[PDB]
Structure formats: structure tokens, C-alpha cells
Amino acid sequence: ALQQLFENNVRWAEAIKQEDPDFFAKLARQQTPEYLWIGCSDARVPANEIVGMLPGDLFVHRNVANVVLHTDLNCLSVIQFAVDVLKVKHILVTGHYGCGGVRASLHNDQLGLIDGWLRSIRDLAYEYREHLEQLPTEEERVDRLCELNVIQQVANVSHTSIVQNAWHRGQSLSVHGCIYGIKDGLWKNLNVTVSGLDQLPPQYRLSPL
């Protein structure tokens, strides 16, 4: 039954218009979000609610396990539009604990097409296998890998010419890594924020145009 969703929407919109009848008309007139949210598709991690933001505040991309790949024009086009056209001040890379995408990459079952999508997380598990082997429970390994994945995606975002060229032309932009707890509702900083060229390894730094 879809009728519930339509009815929900009619009531939501009418409720907002009673408190402020111009709410939508005003929002529709320009696009000025200050944040881009890059997170997981997981239904339990909706961006606006988690950080108490309103329509118009958060430009959003969501994919399975919040992965930022250097040849993915889907995610890269969101970033590029956000950085170049909307001039968002912050990119919030948010992963979450218990992530199914991350969990599947630690196991050996074929899930299909998504196997290729997640293989970068598999590389990370291999890269940190000596660290992950040390952890006694699977939930612990999954959760730590969730963290490692966010930190890696922050690096990936920061390495794009999109972000570097913004810095080159003096634009203020920070890439943050956070992780959401589906068990406790808490959005936690991983403290891996990058805000300028001087923080990138030399191997990744691109010269200005």
C-alpha cells in the first residue's frame, strides 16, 4: 500500500504550511546548503534527522556502504556539483556501525552485482588483516572496518582534483569523517578532518590548473 505515503505527505506539507505558509515557496527560490552528506543507503541512517537539519540544509548522496570511488561519476558528480556550483563548506563522510556492506566484505558469500561495488572494502580488510585478526569478535572486526572505511573515503574525497582545485582557488572546504551508531543514535566524529592541500601526502597532490 502506497496510499499511506501520499496521505503522510499531504499531512506533512499542510502541517508545515500552517506554522509557515511560505516555507516551501521560500525554500524553492535558491539552493544554499552548507553541507554535503555522503552516507550509506541503509534505511536506519537518514541524514537530516540524525543531525537535526531542515530541507535545504544538506545536499545528499547515499550508496551502499558510503563508498567514494575515483572512477564513479555518480558520487563524483554530486561532489563536483556540491563543491563547484553550490560551494558547500563541508563534506560529511558518514559511515555507520553494523554496516551490511562492510560486513559482507568480511565474508565470502557472493551477493551478486554488489560484490564488485564493495571490493574496495575487501581490499581494506586485506590491507588491515593483521589488525583485524587481533580483534576477538566479528562485530568488533566489522565495526572497526566500518571506521577504517570512513577514514579511507575521507582520503579519497580529499584526493580528488575537485576538492584540490577548490583549495587552489582559495575556497573554504573541509572533509570530515563521522560514524553513526544504529544502536544508540549517536553521530560520532572520527577526527580525520582535512581542510587544505598541506595535509595530503605528496603522492596525491595535484598542481593547480
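When you see a residue number, it is the position in the sequence shown, counting from 1.
The question of which stretch, 82-90 or 130-138, has the higher mean Cα B factor is settled in favour of 130-138. In this entry, 168-176 has the higher mean Cα B-factor, the comparison being between 168-176 and 66-74.
Remark: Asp42 belongs to the lowest third of its chain, ranked by C-alpha B-factor as recorded. Annotation for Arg144: C-alpha temperature factor in the middle third relative to the rest of the modelled chain, per the entry. Per the PDB record, residue ranking by Cα B-factor puts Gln30 in the highest third of the chain. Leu106: CA B factor lies in the highest third for its chain, per the PDB record. Ranked by C-alpha B-factor against the other modelled residues of its chain, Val154 falls in the lowest third.
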